[PDB]
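J.: Next one to model:
(5 chains)
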Amino acid sequence: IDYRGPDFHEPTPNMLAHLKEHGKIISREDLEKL
Amino acid sequence: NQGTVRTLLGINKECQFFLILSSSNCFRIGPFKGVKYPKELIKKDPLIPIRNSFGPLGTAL
Amino acid sequence: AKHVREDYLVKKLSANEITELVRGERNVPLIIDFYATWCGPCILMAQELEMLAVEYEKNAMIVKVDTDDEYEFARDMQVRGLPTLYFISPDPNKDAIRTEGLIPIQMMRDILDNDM
Amino acid sequence: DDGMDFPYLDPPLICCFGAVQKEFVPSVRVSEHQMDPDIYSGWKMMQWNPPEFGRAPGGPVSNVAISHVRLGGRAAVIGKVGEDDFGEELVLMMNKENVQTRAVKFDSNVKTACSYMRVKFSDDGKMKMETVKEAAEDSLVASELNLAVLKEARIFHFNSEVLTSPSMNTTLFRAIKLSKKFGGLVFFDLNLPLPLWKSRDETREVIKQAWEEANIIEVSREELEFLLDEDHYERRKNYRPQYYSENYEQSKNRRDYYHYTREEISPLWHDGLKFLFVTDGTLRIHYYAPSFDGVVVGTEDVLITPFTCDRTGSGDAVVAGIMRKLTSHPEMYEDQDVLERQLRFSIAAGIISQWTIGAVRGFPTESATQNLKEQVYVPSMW
Amino acid sequence: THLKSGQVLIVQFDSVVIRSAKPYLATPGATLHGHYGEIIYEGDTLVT
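T.: Numbers count the residues shown, from 1 in each chain, chains lettered A, B, ... in the order given. This is the structure:
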């Protein structure tokens, strides 16, 4: 079954990856604490 | 989209709505035949094409 | 923004950007797609172009023009039907190719490989 | 050309002259509404609400021939294809559905559906293109015309696309002369290409020579108002009275199905014409004859299947049904009742053709068309 | 001419304007909802 196509919704985004803004990596979090 | 106002009013005031009558509310019934002659006309005395109508007596200046 | 990949690879460009692309120096074959939203067979053409834009990662550039936006420009390009594709060679010596109708993807590959 | 022993077969042959193409939409204008430039999953919303010119969009002549033969008739196609894989598969597709290909010419000089142009940057920075080498479809010369289809065929059908190329102009006129010499009618379909939607005067100058040679002409509702007056016929459609309606129907604000009078289509009328057809999609068909005129009422439904609706190719089915009933029943020319009764088959075919995706994938059968005609129309009409 | 429903608005020499209406037959012991000339909206009731 070919997804995408005309009769299927847009692809579901990975929820962690979808959180572009309200989420930071551990390195930046460590850096901003000092 | 035009329309004619229609104020209920009637020298009464409880909530005071008002109506708009458009061409979609009222229509015209096609042509028919009937009598339209009912007159008591008089005799003309045309002067300068402005009419001086008088029926019973002669011209009265 | 580098966090989630784009769902669609073909980029929509205006008429002036297409003029700049064709006039300017190029090193890869160029594909110009003419399409409209009300078009019937253009959904299949869009899907096939989206598939083609993945196999040719960086060896080709694929763009589309919306005739509802740029109508006079589409008319000037001698377009007499919506499902139209233009193949532009990377060199100015070779002439361009106009294809009309819902052509198969394999013939598109043959066009921009063996003739461009 | 006189070689024959036995009489021709029962269904009269139809001559289909033009260009062989796959899923082509010639008539293109500027649609007011657009539905997202990238997401094609929502483009189907433009098939429920067409832009009023793609309501019943006609296509190539091969589509018309296929729809005609699928409706129980017989058709033949004149055209030229290249010695490519695409050219060899187009003829295979046409052959798979009993379309005669005795008049399709294979050549190796040109490639199918591919035309070589040249960039011609003009003053300012507006690019142009000039056809250096023509495509295979529009490269038919008068020498390679099958003088057997023209003799046998009783109706010559062609569309206006062939008027956009120099060589096919002469080839088409030679074919018309031959067919008329052999006694065949001329059916003109006005599926105007994009360049012909520029101005009324230029298009009228272009199509005058072909228009004056036609015996039957089929145009859409927009292709007639464009040819007479777009501004006047658009102002007349959107008009509501300031005070009071006129009869009662005007007081319901229904859709505008205007039946043009014979004094408005007079500039597009000539002595040789036998029929003028104006189709407002599948909704209505206005027919004009030398001695009478009228309108056939129909309907449409694309919301019956909102996910598999695709209006492309319905006009070809309508025209094919018209031709099939014209050739099957020869008494429709001078009988208004029979004309109205036989013109609902075309409406049923056009209704069915909008229920599937793909122009050639879902052309209706004759039995299905008759079934829908009988199921939609009251027994008195059918 | 087969006149339609409504109330005659204009009585011209050979024409009539009808303004349209909608009769509702009401039986004895019924409950009219509203005074004379009550502005009736699209869904509100008239009689029980």
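J.: and residue D:212, how many residues sit next to it?
T.: Other residues lying near residue D:212 total 11 when counted by other Cβ atoms under 10 Å in any protein chain shown. For every residue, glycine as well, the C-beta is placed using N, CA and C.
J.: Could you verify my assumption that it touches residue D:272?
T.: Yes. At 7.4 Å, residue D:212 and residue D:272 qualify as touching, with contact defined as Cβ atoms under 8 Å.
J.: Up against chain A, what does chain D have?
T.: With Cβ under 8 Å from any Cβ of the partner chain as the criterion, chain D meets chain A at residues D:39-41, D:43-44, D:307.
J.: Just the buried residues of the residues you listed.
T.: Buried members of these, counted by 16 or more other Cβ atoms under 10 Å in any protein chain shown: D:40-41, D:43-44.
J.: which one among those gets closest to residue D:92?
T.: Closest approach to residue D:92 among these (Cβ to Cβ): residue D:40, at 28.6 Å.
J.: re the thing from before, dump the buried ones among the residues of chain D next to chain A to CSV, plus secondary structure and distance to residue D:101.
T.: Converted to CSV, those look like this (DSSP: H, G, I helix; E, B strand; the rest coil; distance: Cβ to Cβ, whole Å):
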residue, secondary structure, distance to residue D:101
D:40, helix, 34
D:41, helix, 38
D:43, coil, 34
D:44, coil, 34
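J.: Now those in JSON lines, please, with extra columns for distance to chain B.
T.: Output for those, formatted as JSON lines (distance: Cβ to the nearest Cβ, whole Å):
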{"residue": "D:40", "distance to chain B": "37"}
{"residue": "D:41", "distance to chain B": "36"}
{"residue": "D:43", "distance to chain B": "32"}
{"residue": "D:44", "distance to chain B": "32"}
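J.: farthest pair in the residues of chain D next to chain A?
T.: The two members of these with the most space between them (Cβ to Cβ) are D:39 and D:307, at 15.6 Å.
J.: Nearest to the spatial middle of the chain, which residue is it?
T.: Answering for chain A, as no chain was given. residue A:17 (1.7 Å; Cα atoms, centre = their mean).
J.: that's the other chain; I wanted chain C
T.: residue C:32 (2.4 Å).
J.: Hmm, it is touching residue C:86, no?
T.: Yes. Counting by Cβ under 8 Å, residue C:32 touches residue C:86, with 3.8 Å between them.
J.: Distance of residue D:12 relative to chain A?
T.: To chain A, residue D:12 is 40 Å away according to Cβ to the nearest Cβ, to the nearest Å.
J.: For that residue, give me its contacts.
T.: Going by Cβ atoms under 8 Å, 6 or more residues apart in numbering or on different chains, residue D:12 touches D:74, D:153-155, D:327.
J.: again, 10 Å this time
T.: Residue D:12 sits next to D:73-74, D:152-155, D:184, D:323-324, D:326-328, D:330 when contact means Cβ atoms under 10 Å, 6 or more residues apart in numbering or on different chains.
J.: State the number of residues packed around residue C:38.
T.: 27.
J.: ok but it is inside a strand, no?
T.: No. Under DSSP: H, G, I helix; E, B strand; the rest coil, residue C:38 falls outside any strand and is assigned coil.
J.: Spell out the secondary structure type for the residue nearest to it when sequence neighbours are not counted.
T.: Of all residues not flanking residue C:38 in the chain, residue D:46 sits nearest, at 4.2 Å (Cβ to Cβ, 6 or more residues apart in numbering or on different chains). Following three-state DSSP, the label given to residue D:46 is helix.
J.: From residue C:37, how far out is residue D:46?
T.: Residue D:46 sits at a distance of 6 Å from residue C:37 (criterion: Cβ to Cβ, to the nearest Å).
J.: Which of those two has more residues huddled nearby?
T.: Between residue D:46 and residue C:37, residue C:37 has the larger neighbour count (other Cβ under 10 Å), namely 23 against 20.
J.: distance of the more buried one from chain D?
T.: With the distance defined as Cβ to the nearest Cβ, residue C:37 ends up 5 Å from chain D.
J.: One more: residue C:83?
T.: Counting by Cβ to the nearest Cβ, the gap from residue C:83 to chain D is 6 Å.
J.: circling back to that earlier point, spit out the residues that contact residue C:32 and residue C:86 alike.
T.: Common contact partners of residue C:32 and residue C:86 (Cβ under 10 Å, 6+ apart): C:18, C:22, C:63, C:65, C:77, C:96, C:98.
J.: can you give me the strands in chain D?
T.: Ranges of strands in chain D, per DSSP state E, are D:13-17, D:74-82, D:104-107, D:114-119, D:129-133, D:155-159, D:185-189, D:216-220, D:275-280, D:284-288, D:293-297.
J.: What are the buried residues along the shortest one?
T.: Spelled out, it's strand D:104-107. In terms of neighbour count (16+ other Cβ under 10 Å), strand D:104-107 has its buried residues at D:104-105, D:107.
J.: and that strand, which strands flank it?
T.: Counting by DSSP bridges, the strands paired with strand D:104-107 are strand D:74-82 (parallel).
J.: cool, the fifth one as well?
T.: Partner strands for strand D:129-133, per DSSP bridges, with pairing direction: strand D:114-119 (antiparallel).
J.: thinking again about what came up before, mind putting the shared contacts of residue C:32 and residue C:86 into CSV with secondary structure, distance to residue D:148 and neighbour count?
T.: Formatted as CSV, those follow (DSSP: H, G, I helix; E, B strand; the rest coil; distance: Cβ to Cβ, whole Å; neighbours: other Cβ atoms under 10 Å in any protein chain shown):
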residue, secondary structure, distance to residue D:148, neighbour count
C:18, helix, 47, 21
C:22, helix, 47, 17
C:63, strand, 47, 18
C:65, strand, 44, 23
C:77, coil, 39, 22
C:96, strand, 39, 20
C:98, strand, 33, 22
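J.: What is the most widely separated pair among the residues you listed?
T.: Farthest pair in the shared contacts of residue C:32 and residue C:86, by Cβ to Cβ: C:63 and C:98, 15.5 Å.
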